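In: just coords:
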Ligand SMILES: O=C(O)CNC(=O)C(=O)O
Ligand SMILES: [Mg+2]
Ligand code: NI
Ligand SMILES: [Zn+2]
């Protein structure tokens with residue numbers, strides 16, 4: 001069995017190996033990368049996502065989200081308060097302001113300490129989930145707006161044509177902006193490219209141990225757990241590395257820098273935070289190996305998780321017994 005300790009693997013594909021996306025994901029898996037839940041891919045030196053980032057300031061962040069925490073430093077939830085629209089240029093200025101900028105620090109480890117110690121006492125503003133792409137149309141390799149669609153994958157594997165589309169999303173971050181513990185919709189893969197700016201730290205639980213995390217979360221968020229049998233689908237709960245270590249939950253951590261891709265694997269729980277102003281792009285995708293995960297994925301039917309149009313067909317086809325209850329939660 002490859003990678004039996006479930007360590008995060010880092011890959012350095014050549015320009016020739018960067019041509020065929022599906023084949024390279026399958027290569028990574030042949031080496032055990034999926035066991036960690038997360039892998040890093042450093043593009044060949046010849047590659048670029050686009051020529052420059054000099055002309056992105058007029059992108060609109062229609063609904064910036066202020067991330068307000070409740071709880072204790074290591075065990076907290078966050079809610080998202082909607083703020084007035086602002087441009088990327090306005091957001092970048094805000095991120096760099098004295099109120100929101102990254103504090104002085106020695107290294108990534110010192111910053112991580114300061115995050116966990118102090119996150120709850122601040123409410124950073126995240127420009128998340130913005131439909132769009134920063135890849136140049138002429139970038140042919142690992143262009144997240146030109147991947148094979150999940151609908152086409154389901155059709156190729158299962159023979160059923162379905163409605164729906166699959167497009168990327170932009171995330172503009174600042175110091176302490178936070179992504180809560182989650183897996184993807186329908187336990188899909190995700191791919192994330194950090195276009196520019198400051199790093200993003202990730203934490204991940206191996207897929208084979210995801211239920212250990214779920215059991216801890218039910219213990220630590222007992223009201224939430226009574227409200228919904230899949231409440232981590234709400235994407236609101238944070239648990240620190242210290243707490244995870246105290247409770248014996250297996251996990252790993254890694255920092256992504258500008259110019260690097262991360263891939264999350266089916267049923268790989270992940271969480272993290274941004275170090276300062278940055279812009280990432282991400283999209284879900286599928287492979288043949290995903291289908292069995294999609295068939296087994298938990299679902300939120302309490303009404304909170306509320307998701308895209310395109311998840312309908314996945315539930316309808318892969319989880320017909322669950323469909324009626326899940327759709328009630330959508331409506
Ligand atoms: O970057 C973020 O805020 C969150 N990203 C992911 O959860 C992902 O790419 O799967
Ligand atoms: Mg612009
Ligand atoms: Ni994710
Ligand atoms: Zn729910």
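Out: That came through fine. Residues are numbered from 1 along each chain as shown. Ligands and ions are numbered 1, 2, ... in the order given.
In: how close does the nearest residue in space to residue 165 that is not next to it in sequence sit to residue 187?
Out: Nearest non-adjacent residue to residue 165, counting by CB to CB, 6 or more residues apart in numbering: residue 310, 6.3 Å away. From N, CA and C alone the C-beta is placed, and that goes for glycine too. Distance, residue 310 to residue 187, using CB to CB, to the nearest Å: 15 Å.
In: Please apply the same query to residue 324.
Out: Using CB to CB, residue 324 is found at 21 Å from residue 187.
In: Looking at those two, which one has more neighbours?
Out: Between residue 324 and residue 187, counted using other CB atoms under 10 Å, residue 187 has the larger neighbour count: 20 against 11.
In: Let me see the contact set for the more buried one.
Out: Going by CB atoms under 8 Å, 6 or more residues apart in numbering, residue 187 touches 266, 267, 290, 293, 294, 296, 297.
In: Could you look up the SS state of the fifth one?
Out: Three states are possible here, and by DSSP: H, G, I helix; E, B strand; the rest coil the one that applies to residue 294 is helix.
In: This protein: helices as residue ranges?
Out: Assigned by DSSP state H, the chain shows helices spanning 21-30, 88-95, 108-118, 150-158, 210-220, 222-227, 241-246, 290-296, 311-318, 320-330.
In: tell me the residue furthest from the middle of the chain?
Out: residue 159 (28.9 Å; CA atoms, centre = their mean).
In: Give me the distance between that residue and residue 119.
Out: Distance, residue 159 to residue 119, using CB to CB: 47 Å.
In: what do you get for residue 69?
Out: In terms of CB to CB, residue 69 sits 7 Å off from residue 119.
In: Need the overlap of contacts for the two.
Out: Joint contacts of residue 69 and residue 119 (CB under 8 Å, 6+ apart) are 76, 238.
In: who has more neighbours, the two?
Out: For the pair residue 69 and residue 119, the greater number of neighbours falls to residue 119 (23 against 20), based on other CB under 10 Å.
In: does stretch 49-65 come close to ligand 1?
Out: No: using CB under 6 Å from any ligand atom, stretch 49-65 stays clear of ligand 1, with a minimum separation of 10.7 Å.
In: distance between the ends of that stretch?
Out: Chord length of stretch 49-65, first to last residue, is 27 Å (CA to CA, to the nearest Å).
In: Whether that stretch contacts ligand 2 - can you check?
Out: Yes: for stretch 49-65, a contact with ligand 2 is found by CB under 5 Å from the ion, at 56, 58, 59.
In: Skipping adjacent residues, who's closest to residue 96 in space?
Out: That would be residue 277: by CB to CB, 6+ apart, it lies 6.4 Å from residue 96.
In: Correction: the previous question concerned residue 126.
Out: Excluding the flanking residues, the one nearest residue 126 by CB to CB, 6+ apart is residue 177, at 4.1 Å.
In: so how far is stretch 172-183 off the chain centroid?
Out: 8 Å (CA atoms, centre = their mean, to the nearest Å).
In: dump the residue contacts of the residue in the chain positioned nearest to ligand 2.
Out: Proximity of the chain to ligand 2 (CB to the ion) peaks at residue 58, 3.1 Å away. The contact partners of residue 58, taken as CB under 8 Å, 6+ apart, are 87, 88, 89.
In: Closest one of those residues to residue 284?
Out: Comparing the contacts of residue 58 against residue 284 with CB to CB places residue 88 closest, at 23.5 Å.
In: Run the contact check for stretch 25-38 versus ligand 1.
Out: No: Stretch 25-38 lies out of reach of ligand 1 by CB under 6 Å from any ligand atom, never closer than 9.1 Å.
In: Name the surrounding residues that touch that stretch.
Out: 1-4, 6-9, 11, 17, 39, 41, 189, 202, 204-208, 252, 254, 262-270, 287, 289.
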